[PDB]
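A.B. asks:
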Amino acid sequence: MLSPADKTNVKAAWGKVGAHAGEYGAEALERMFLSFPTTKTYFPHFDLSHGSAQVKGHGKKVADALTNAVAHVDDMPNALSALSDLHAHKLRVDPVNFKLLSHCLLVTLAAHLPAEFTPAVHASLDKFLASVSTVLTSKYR
Amino acid sequence: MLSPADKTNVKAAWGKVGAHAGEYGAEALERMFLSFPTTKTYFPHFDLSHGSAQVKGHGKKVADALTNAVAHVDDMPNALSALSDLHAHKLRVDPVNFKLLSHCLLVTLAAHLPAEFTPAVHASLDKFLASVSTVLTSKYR
Amino acid sequence: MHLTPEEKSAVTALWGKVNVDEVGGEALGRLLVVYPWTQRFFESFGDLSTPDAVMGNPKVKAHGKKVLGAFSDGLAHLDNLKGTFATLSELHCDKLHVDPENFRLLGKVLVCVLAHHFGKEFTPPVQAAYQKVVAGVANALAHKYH
Amino acid sequence: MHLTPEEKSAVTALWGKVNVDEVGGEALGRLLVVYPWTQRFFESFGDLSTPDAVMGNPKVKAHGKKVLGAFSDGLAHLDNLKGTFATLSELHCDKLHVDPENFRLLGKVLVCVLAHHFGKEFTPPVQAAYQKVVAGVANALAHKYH
Ligand code: HEM
Ligand code: HEM
Ligand code: HEM
Ligand code: HEM
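Protein chains in written order, with the authors' numbering: chain C, 1 to 141; chain A, 1 to 141; chain B, 1 to 146; chain D, 1 to 146.
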């Protein structure tokens, strides 16, 4: 489903994220918790207030995982295998929530990449995040 | 996503459906149009009255395709290739509607297969219909 | 919740035939088998290792009975689901941390169970009325999330 | 539709800066690019074959402007979106045969476009207020479906 042009677009956009990947992960989570409050049910052990270091730390982990996916875009099921296991068998997050975080990541990238977020790149990123979500929920059942 | 035991469960269940596949397909569509009226927006060129020949004929085509998928469960993308193209390029049905038909097909089988619709077979059939839906929407984007 | 008189009568007439404890046990068990991520709330229930162990687990049946008993009593207040389930909505959000998508999955499984149980009596129009009801309940249980 | 004082102020203040024409054309064009099955309603619009063809297509820009203009009129009646969009809801069901899931897709894309246009000004709490509004408008447009 990811064409050569899509892969090129994702690497170009994510490359521009660079060293801000962690910061953007945290912002995407905050957007998600405020816009889609039902997602908070998975984090009752967190302080979800703005600026929380628990949220910043988790955003860095999410972003780091996405960086790994980009780097292994042709071999994502393997690169994310342990993360697929963890979500399926321990965290057990309902698959609907991955669409909600994906949307909030897209909004975050749009707000920080004015020149890079063209319609073509937007479509490629949406496809990319849907593929990552598919991989992460592939072992649930 | 479909394990060997899932495939075994689907083939036994569908074998039991046998010659009633076309009738059950027609019933699942009627259940869909009544329960999820927004799906009628895809059929404004049909007489959707109960027992209409268009609905019975369409039910039989849907059933036939599922029979084809059951017979080629280890190679479904190849088997449903022409149908994948047709939904992606011409019909362009929103992907959310495949979940609604899948649910109505499951309800139809429950209502007709009391002996066979055990918890494990239920799980396998749900998985099977989600995989069929995934294949039919795989070329959309 | 708005249902026509005809829809309301169809809901109540079938429900009069239900064994709430049996159907409750069956629906919660199939929920945990068919959508196994829903087991995340129930690790204290013991052995959920196989479909047979889930369906036969006494703690699963007992919770099934509690959940469907509340559903059942809700069917007597179809014109006021939101106010009927307000306190349970607050409980499920603030203390139990249950993603409301689970209410929707249970709704799908319950419809399948009623079809299995009632066969041809579970006609397309009867199903349509129950689809409204299970959507309405799930919406009422999600109402106080924040 | 209920919004807190803080949510309503965020919506109205941002919308005062929107060029409905420019944003409407961008939001409809991206919808057709990012979810290209939506093009099924626009066969008579001409060339939609590439992103550059879509975004520069004049019929897309014009229709985008009409759609966000009517959306805009709904922001002036946030207390009663269902009554405001009833006539257009019937139109989209009975005459245009538009699956209401498309209203939700347009909602998602519009939020992305506001983020792209306004950048850091489109803060998490402002987004949250807009998500409530685009959900309310989609629900209002699907209300008279049958
Ligand atoms: C693009 C999608 C996602 C990615 C890349 C991702 C990745 C990760 C990573 C890297 C971890 C930490 C694992 C470790 O400690 O090694 C994690 C944990 C977790 N994830 Fe996911 N995640 C995603 C989506 C979601 C969603 C949608 C939710 C729920 C709304 C979620 C809920 C959680 C929870 C609750 C934890 C554990 C936090 C803790 O207690 O430390 N994840 N995820
Ligand atoms: C398990 C899912 C599905 C399968 C296996 C399936 C299969 C088929 C088949 C076999 C055809 C006829 C192709 C031909 O002979 O030319 C067809 C046509 C069609 N499908 Fe799908 N379909 C599925 C789901 C859906 C959904 C969810 C919708 C819409 C709610 C839909 C809408 C249509 C329409 C509008 C047609 C054309 C009817 C006509 O004008 O004859 N399909 N489908
Ligand atoms: C029709 C939907 C539902 C209704 C009417 C319902 C109702 C109830 C009731 C009456 C209680 C007891 C609260 C008390 O002790 O005061 C309860 C507890 C609980 N429910 Fe829900 N529930 C529903 C769906 C769900 C679903 C789908 C899940 C999770 C998959 C769930 C998880 C729980 C949990 C974890 C408890 C606590 C059990 C305990 O502490 O022993 N509920 N529910
Ligand atoms: C916020 C959501 C929307 C609003 C407020 C809206 C509003 C409108 C309005 C005011 C018209 C003009 C009708 C007339 O000329 O009398 C219209 C027509 C139309 N809309 Fe919607 N719309 C929305 C979303 C959508 C979406 C997402 C789609 C489909 C993807 C769509 C497809 C159409 C079509 C096909 C027409 C007719 C164009 C023609 O005459 O060729 N609309 N809409």
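Virtual Cβ for every residue (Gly too), placed ideally from N, Cα, C.
Starting from residue 6 of chain A, trace the alpha helix (DSSP H) both ways and give me its first and last residue.
C.D. replies: In the second sequence, residue 6 of chain A corresponds to position 6, counting from 1. Segment 4-17, the alpha helix (DSSP H) holding residue 6 of chain A.
A.B. asks: Determine, for residue 1 of chain B, whether the minimum Cβ-Cβ distance to residues of chain A falls below 8 Å.
C.D. replies: Residue 1 of chain B sits at position 1 when you count from the first residue of the third sequence. Not one chain A Cβ lies under 8 Å of residue 1 of chain B.
A.B. asks: Would you say residue 44 of chain C faces chain D, with C-beta separation under 8 Å as the test?
C.D. replies: The residue given as residue 44 of chain C occupies position 44 in the first sequence. No, no contact with chain D.
A.B. asks: Nearest chain D C-beta to residue 94 of chain A closer than 8 Å, yes or no?
C.D. replies: Translated into the one-based positions of the second sequence, residue 94 of chain A becomes position 94. Cβ-Cβ to chain D under 8 Å: yes for residue 94 of chain A.
A.B. asks: Check whether chain A comes within 8 Å of residue 60 of chain D, counting only Cβ atoms and requiring the distance to be less than that.
C.D. replies: On the fourth sequence, residue 60 of chain D is found 60 positions in, with the first residue counted as 1. At a cut-off of 8 Å, the C-beta of residue 60 of chain D has no neighbouring C-beta in chain A.
A.B. asks: Can you tell me whether residue 25 of chain C is buried or exposed? The criterion is at least 16 other CB atoms within 10 Å of its CB, across all chains shown.
C.D. replies: Locating residue 25 of chain C in the first sequence gives position 25, where the first residue counts as 1. Around the beta carbon of residue 25 of chain C, 16 or more other beta carbons sit within 10 angstroms, so the residue counts as buried.
A.B. asks: Verify the CB distance criterion: does residue 104 of chain D have a CB-CB separation below 8 Å to chain C?
C.D. replies: Taking the first residue of the fourth sequence as position 1, residue 104 of chain D is located at position 104. Cβ-Cβ to chain C under 8 Å: no for residue 104 of chain D.
A.B. asks: Looking at ligand 5, does it come within less than 7 Å of residue 33 of chain A, judged from the CB to the closest heavy atom?
C.D. replies: Ligand 5 is not part of this structure, which contains only ligand 1, ligand 2, ligand 3 and ligand 4.
A.B. asks: Is there a Cβ of chain C sitting closer than 8 Å to that of residue 30 of chain D, yes or no?
C.D. replies: Residue mapping note: residue 30 of chain D aligns to position 30 of the fourth sequence, counting from 1. Using beta-carbon distances, residue 30 of chain D counts as an interface residue toward chain C, with a partner under 8 Å.
A.B. asks: Which residues in chain B have a C-beta closer than 9 Å to the C-beta of residue 141 of chain C? List them in chain order.
C.D. replies: Along the first sequence, one-based indexing puts residue 141 of chain C at 141. Correct list: 34, 35, 36 and 37.
A.B. asks: For residue 34 of chain B versus residue 122 of chain A, is the C-beta distance shorter than 8 Å?
C.D. replies: Your numbering for residue 34 of chain B matches position 34 in the third sequence. Your numbering for residue 122 of chain A matches position 122 in the second sequence. Yes; because the gap between Cβ atoms is below 8 Å, this pair is in contact.
A.B. asks: Is the separation between the beta-carbon of residue 127 of chain D and that of residue 96 of chain C shorter than 8 Å?
C.D. replies: Locating residue 127 of chain D in the fourth sequence gives position 127, where the first residue counts as 1. Locating residue 96 of chain C in the first sequence gives position 96, where the first residue counts as 1. Not in contact: residue 127 of chain D and residue 96 of chain C (Cβ atoms no closer than 8 Å).
A.B. asks: Whole angstroms are fine: how far does the CA of residue 112 of chain B sit from the CA of residue 119 of chain B?
C.D. replies: As a working mapping, residue 119 of chain B is identified with position 119 in the third sequence. As a working mapping, residue 112 of chain B is identified with position 112 in the third sequence. Distance between the alpha carbons of residue 119 of chain B and residue 112 of chain B is about 10 Å.
A.B. asks: When you check each C-beta in the stretch 114-141 of chain A against every C-beta of chain B, which residues fall closer than 7 Å?
C.D. replies: 114, 117, 119, 120, 122, 123 and 126
A.B. asks: Is any non-hydrogen atom of ligand 1 found closer than 7 Å to the C-beta of residue 54 of chain D, if you look at the structure I gave you?
C.D. replies: For this step, residue 54 of chain D is matched to residue 54 along the fourth sequence. No, Cβ of residue 54 of chain D sits at least 7 Å from all heavy atoms of ligand 1.
A.B. asks: Could you check what DSSP says for residue 82 of chain A in three-state terms: helix, strand or coil?
C.D. replies: The residue given as residue 82 of chain A occupies position 82 in the second sequence. Here residue 82 of chain A sits in helix by DSSP.
A.B. asks: What are the uninterrupted segments assigned as alpha helix (DSSP H) that are 4 or more residues long and contained completely in the stretch 40-113 of chain C, given in chain order?
C.D. replies: 53-71, 76-79, 81-86 and 96-112
A.B. asks: Going along chain C in order, which residues have a C-beta closer than 9 Å to the C-beta of residue 124 of chain B?
C.D. replies: Counting from 1 along the third sequence, the entry for residue 124 of chain B is found at position 124. Chain C residues near residue 124 of chain B: none, gap ~27 Å exceeds 9 Å.
A.B. asks: Within the continuous alpha helix (DSSP H) that includes residue 26 of chain D, where are the two ends?
C.D. replies: Along the fourth sequence, one-based indexing puts residue 26 of chain D at 26. Note, residue 26 of chain D: alpha helix (DSSP H), 20-34.
A.B. asks: Specify, as a first and last residue, the run of the alpha helix (DSSP H) that residue 101 of chain D falls within.
C.D. replies: On the fourth sequence, residue 101 of chain D is found 101 positions in, with the first residue counted as 1. Unbroken alpha helix (DSSP H) run through residue 101 of chain D: 101-118.
A.B. asks: Using a Cβ cut-off of 9 Å, which residues of the stretch 72-90 of chain D contact any Cβ in chain A, in chain order?
C.D. replies: none
A.B. asks: Within 8 Å, do at least three Cβ pairs link the stretch 7-15 of chain B to the stretch 90-109 of chain B?
C.D. replies: no
A.B. asks: Under 8 Å between the Cβ atoms of residue 65 of chain B and residue 134 of chain B?
C.D. replies: Here residue 65 of chain B corresponds to residue number 65 of the third sequence, with the count starting at 1. Here residue 134 of chain B corresponds to residue number 134 of the third sequence, with the count starting at 1. It is not a contact, given that the beta carbons lie outside the stated cut-off.
A.B. asks: Can you tell me whether residue 140 of chain D is helix, strand or coil according to DSSP?
C.D. replies: Position 140 of the fourth sequence, counted from the start, is the residue given in the question as residue 140 of chain D. Residue state, collapsed to three classes: helix.
A.B. asks: Could you work out which residues of chain A lie near residue 97 of chain D, taking near to mean beta carbons separated by less than 7 Å?
C.D. replies: For this step, residue 97 of chain D is matched to residue 97 along the fourth sequence. By Cβ distance, chain A contributes 41 and 44.
A.B. asks: Verify whether the separation of the beta carbon atoms of residue 68 of chain C and residue 79 of chain C is less than 8 Å.
C.D. replies: In the first sequence, residue 68 of chain C corresponds to position 68, counting from 1. In the first sequence, residue 79 of chain C corresponds to position 79, counting from 1. Yes. Within cutoff.
A.B. asks: Going by other Cβ atoms of all chains shown within 10 Å of its Cβ, with 16 needed for buried, is residue 121 of chain D buried or exposed?
C.D. replies: Reading the fourth sequence from its first residue, position 121 is the one you call residue 121 of chain D. Classification for residue 121 of chain D: exposed.
A.B. asks: Whole alpha helix (DSSP H) runs in the stretch 31-60 of chain D with 4 or more residues, listed along the chain?
C.D. replies: 51-56
A.B. asks: When the Cα atoms are used, what is the spatial distance from residue 11 of chain C to residue 109 of chain D?
C.D. replies: As a working note, residue 11 of chain C is residue 11 in the first sequence. As a working note, residue 109 of chain D is residue 109 in the fourth sequence. Approximately 22 Å between the Cα atoms of the pair.
A.B. asks: By alpha-carbon positions, which one of C:51, C:88, C:7 and C:13 ends up nearest to residue 134 of chain C?
C.D. replies: The residue given as residue 134 of chain C occupies position 134 in the first sequence. When only C-alpha atoms are compared, the closest one is C:88.
A.B. asks: Would you call residue 17 of chain B buried or exposed, if buried means 16 or more other Cβ atoms sit within 10 Å of its Cβ?
C.D. replies: Residue mapping note: residue 17 of chain B aligns to position 17 of the third sequence, counting from 1. Under this definition residue 17 of chain B is an exposed residue.
A.B. asks: Compute the beta-carbon to beta-carbon distance between residue 105 of chain D and residue 67 of chain D, rounded to the nearest angstrom, for a pair I have assumed lies under 8 Å.
C.D. replies: For the purposes of this step, residue 105 of chain D is identified with residue 105 of the fourth sequence, where counting begins at 1. For the purposes of this step, residue 67 of chain D is identified with residue 67 of the fourth sequence, where counting begins at 1. With a Cβ gap of about 13 Å, residue 105 of chain D and residue 67 of chain D do not count as contacting.
A.B. asks: Beta carbons nearer than 7 Å to chain A: which residues of the stretch 105-117 of chain B have them?
C.D. replies: 108, 111, 112, 115 and 116
A.B. asks: Taking the alpha carbon of residue 142 of chain D as the reference point, which residue from D:99, D:36 and D:1 has its own alpha carbon closest?
C.D. replies: Mapped onto the fourth sequence, residue 142 of chain D falls at position 142. Residue 142 of chain D has its Cα closest to that of D:99, out of D:99, D:36 and D:1.
A.B. asks: Taking only three categories from DSSP, how would you classify residue 62 of chain D?
C.D. replies: As a working note, residue 62 of chain D is residue 62 in the fourth sequence. Note: residue 62 of chain D maps to helix in three-state DSSP.
A.B. asks: With residue 22 of chain A and residue 59 of chain A assumed to form a contact (beta carbons below 8 Å), what rounded beta-carbon distance in angstroms separates them?
C.D. replies: Mapped onto the second sequence, residue 22 of chain A falls at position 22. Mapped onto the second sequence, residue 59 of chain A falls at position 59. With a Cβ gap of about 6 Å, residue 22 of chain A and residue 59 of chain A count as contacting.
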